[PDB]
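Just the one chain here, laid out as structure tokens, in the form deposited in one PDB entry.
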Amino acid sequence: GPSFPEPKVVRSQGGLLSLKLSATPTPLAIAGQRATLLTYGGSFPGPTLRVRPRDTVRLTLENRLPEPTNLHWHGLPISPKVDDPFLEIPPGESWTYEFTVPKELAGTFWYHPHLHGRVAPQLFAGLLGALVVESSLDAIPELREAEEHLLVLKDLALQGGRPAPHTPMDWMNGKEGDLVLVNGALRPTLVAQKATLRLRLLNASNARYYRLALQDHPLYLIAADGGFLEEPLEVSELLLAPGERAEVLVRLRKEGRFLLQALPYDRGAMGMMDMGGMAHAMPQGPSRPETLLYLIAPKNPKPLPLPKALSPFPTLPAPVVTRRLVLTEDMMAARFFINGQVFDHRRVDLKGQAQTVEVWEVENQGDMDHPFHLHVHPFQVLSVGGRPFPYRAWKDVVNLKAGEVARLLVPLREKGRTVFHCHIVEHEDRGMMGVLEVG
């Protein structure tokens, strides 16, 4: 096959993407070994669904797992009557998700389980895939002539040829694995044929962070989680927290081999030590550096000019309400809270009005990073930690380091009951989630 492994793509046909997937235990070859993973469509990652605005998606999920499951269409601004976080598909049963792709939408999205209490083990075991919304913007020469690839960043740990079980410490920290993979492959080689690459990046890990840096090169950020920036933004590195997506252009500067690395990053994970008094909690510190892939540049590379502009960001109405949400931890109990409470599916926490805009101030009073996610209603990050955000784009996950406040502009779109939660999915399973009702 191609030197660079990417998931199989399924495209809409005549404006319709009609597909049956089964969530199933699946024997595979993974990183040179044989293992049984939980997969959609018999692959890890699952197939990439590629659609255009106004397409109809009709996806029948058959549950062939021994436990209930469901889907979350992460990042899609569709109705929570479709993207229903409370729905349970029992073992052996099927459910059809049907929705229309919104008109004003572009970018990289993804699908994964969201059955409360069961997300972390199901996602860890391999249940994920990408969804790409194509854009008329993809036709501009500076993007059309770039070489495009999807990078699904997901780590894994295996024990006895199956995903490693969660330990108590894993429920506290979020589980990370020693196999740090791209598209389910261990350190693949990308032999570029063009001097400009357009990389769509997805962090589909439970808890691992990727502080991305390409040796000797900057990255040009052109999209965040849920849409394009207004113009490319040059960055030296790019942190991708769990659940986040980005698209970057890479302009290869000379012939050679360049490592794409996940550089050391301390997200505040904890360990335990006993030094004669003790036992107490002690910081794990930064992650060890990882090589993600080897990027080979072509001969005499002459990158395309960057796009001068991408997509203008919508002018939003003045906001009608300010919310303040506070995240806290009880680490030794592996319990996690929003405004002092754990999730209760019967309890509505926030009530808002459709087609109004809210300001959400999300404050991390814990010591760990927490990547905050809101379903259904993409937001504009205004500032984090008191620093203004350097671009305007739609996001649906925002990382908060210890002590930081994120200020979000949140237009409320579809009516109904939905959720917001930490996307370290162990923390969501352990209570860090709340309910928003839009009417």
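Residues that one form lacks are left out of the comparison. Take the two forms, find the largest set of C-alpha atoms that superpose within 1.5 Å, and that set is the rigid core. Heads up: residue numbers just count along the shown sequence, starting at 1.
This protein has a second form, the form deposited in another entry, left out of what is shown; the following refers to that one.
The one residue among 168, 276, 340, 160 whose Cα position changes by 2 Å or more between the shown form and the other one, with the core held fixed by superposition, is 276. In comparison with the shown form, the Cα-Cα distance of residue 276 and residue 287 decreases by at least 3 angstroms in the other form. In comparison with the shown form, the Cα-Cα distance of residue 281 and residue 342 increases by at least 3 angstroms in the other form. Residue ranges 1-3, 274-282 are the runs of 3 or more whose C-alphas all shift by 2 angstroms or more between the shown form and the other one once the rigid core is superposed.
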